[PDB]
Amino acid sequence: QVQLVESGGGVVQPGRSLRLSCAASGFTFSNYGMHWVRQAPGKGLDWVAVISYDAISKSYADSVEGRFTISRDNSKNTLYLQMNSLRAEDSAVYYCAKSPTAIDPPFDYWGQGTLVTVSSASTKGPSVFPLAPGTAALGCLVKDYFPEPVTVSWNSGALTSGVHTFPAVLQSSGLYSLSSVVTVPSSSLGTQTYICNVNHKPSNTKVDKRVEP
């Protein structure tokens, strides 16, 4: 089966450089055109660049021309995007996409994406505060972290029904904050323990938090 795996994303400071790559498997890589597409958080799809099957032909969106360079290694089945002079608005999930033919769209297979955040903020783990409680609700406030993403589970995954983990908001401080809630029976508050497990992988921050009535 056709498989595309991106890597190289992360935090980079404005003006600096970042190289994304995309490892392809499951097809004859060197027969197909390859593309990069990006998607800023909450926004539409945005074509970035194309390289033909044989690397002879290349083309770039106006927004990135002169700054980005697409290339490929057909012996290593790898696609590359060299991104120079990065600006805040280049921040996006970046997808590699395969062409069913030699260079043209459409994009018949897509990678999973790699998140690129252009920012001067420093990587920072979240503070985790309790949101204490027929039906009760409780939760966790995951405040003041950078960059995305954060994962949140409840009772180490032994509790998923009634859980809502909300999209994070970017605060004035350049930091993110999200909340996660769960509704449980009120009769459960006296016996059942509730713990939210927050994981901020960029900072190696793993926080378990007991939520007390």
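Start at 1 with the first residue shown and count on from there.
*Asks:* What number of residues from the deposited sequence go unmodelled in the gap from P133 to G134, classed as none, 1 to 3, 4 to 9, or 10 or more?
*Replies:* Gap between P133 and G134: 4 to 9 unmodelled residues.
*Asks:* Comparing 143 to 151 with 53 to 61, which stretch shows the greater average C-alpha B-factor in the deposited entry?
*Replies:* Looking at the recorded C-alpha B-factors, 143 to 151 comes out higher on average.
*Asks:* Please work out which of 11 to 19 and 198 to 206 has the higher mean CA B-factor as recorded in the PDB entry.
*Replies:* Going by the record's values, the stretch with the higher mean is 198 to 206.
*Asks:* Considering only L159, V37, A40, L178, which residue's Cα atom bears the greatest B-factor as recorded?
*Replies:* Across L159, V37, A40, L178, the entry lists the biggest C-alpha B-factor for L159.
*Asks:* Of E89, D104, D108, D73, which one's C-alpha B factor is largest in the deposited record?
*Replies:* Spelled out: the listed residue with the top C-alpha B-factor is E89.
*Asks:* Splitting the chain's C-alpha B-factors into thirds, which one does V128 fall into?
*Replies:* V128: CA B-factor falls in the highest third of its chain.
*Asks:* C-alpha B factor of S173, ranked within the chain: lowest, middle or highest third?
*Replies:* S173: CA B-factor falls in the highest third of its chain.
*Asks:* Classify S122 as lowest, middle or highest third according to the C-alpha B-factor given in the PDB entry, relative to its own chain.
*Replies:* According to the entry, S122 has a C-alpha B-factor in the chain's highest third.
*Asks:* By its CA B factor, does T165 count among the lowest, middle or highest third of the modelled residues in the chain?
*Replies:* For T165, whose C-alpha B-factor we compare with every modelled residue in the chain, the answer is the middle third.
*Asks:* Please place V48 in the lowest, middle or highest third of its chain by C-alpha B factor as given in the entry.
*Replies:* Lowest third - that is where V48 ends up once the chain's C-alpha B-factors are sorted.
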